[PDB]
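First comes one chain, alone, set out as structure tokens in the form deposited in one PDB entry.
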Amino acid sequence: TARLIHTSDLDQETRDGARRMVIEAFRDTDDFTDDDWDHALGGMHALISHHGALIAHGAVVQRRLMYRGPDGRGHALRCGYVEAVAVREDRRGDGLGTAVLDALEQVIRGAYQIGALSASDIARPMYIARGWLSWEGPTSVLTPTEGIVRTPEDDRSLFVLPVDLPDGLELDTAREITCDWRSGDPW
């Protein structure tokens, strides 16, 4: 039931409608920040509206995830990173979230080497059920002034969906995995 739209083609009221719905959906200090919204921009949005109202949203945005295999090689994987997955609270538990992820996984499978996200510890079983793989190793970020810095807080949160890895590569989820730099939450 989800409509796929590039940030590009969102009119002002859809952007404001989506942002307002996502900010409210992540309230149980505003949990969903300006940086969190920046992270949701530049890729494909999955939207579900009912009678003029936005009731569901998700985004998949491109970045690189860094992974070194046991042959020592080093890979910068073309990643579809899942952001701002949200359903208006009264509309939850009726398959809308599923419909949003169904549409984002179509993007990921069609365009990227790997899907990734850092799930709220509440949503973790929903991803595990879709066949997303929990990372077991240490997580880190490639910083511009320090080098690769550990992100222990994101170790339990990181999920991957390896859709089309290069060469022979099969990930070992016990190895380290490193995200590229951005402001706010790196994961």
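Residues that one form lacks are left out of the comparison. Residue numbers run from 1 along the displayed sequence. Rigid core (definition): largest C-alpha set, two forms, superposition within 1.5 Å.
What comes next is about the form deposited in another entry, which does not appear here.
Student: Using the rigid core as the fixed frame, list which single one of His50, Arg68, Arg124, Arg150 shifts its Cα by at least 2 angstroms between this form and the one not shown.
Tutor: Comparing the C-alpha positions, the one residue that moves 2 Å or more is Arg124.
Student: Knowing the shift is 3 Å or more, I'd like to know if the C-alpha atoms of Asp155 and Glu89 are closer or farther apart in that other deposited form than in the shown chain.
Tutor: It is closer: the C-alpha separation of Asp155 and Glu89 falls by at least 3 Å in that other deposited form.
Student: So the C-alpha spacing of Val22 and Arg156 changes by 3 Å or more in that other deposited form; is that change toward closer or farther than shown?
Tutor: Nearer in that other deposited form, by 3 Å or more.
Student: With the core superposed, could you pull out the runs of three or more residues whose CA atoms all shift by at least 2 Å between this form and the one not shown?
Tutor: Those runs whose C-alphas all shift by 2 Å or more are 120-126, 152-156.
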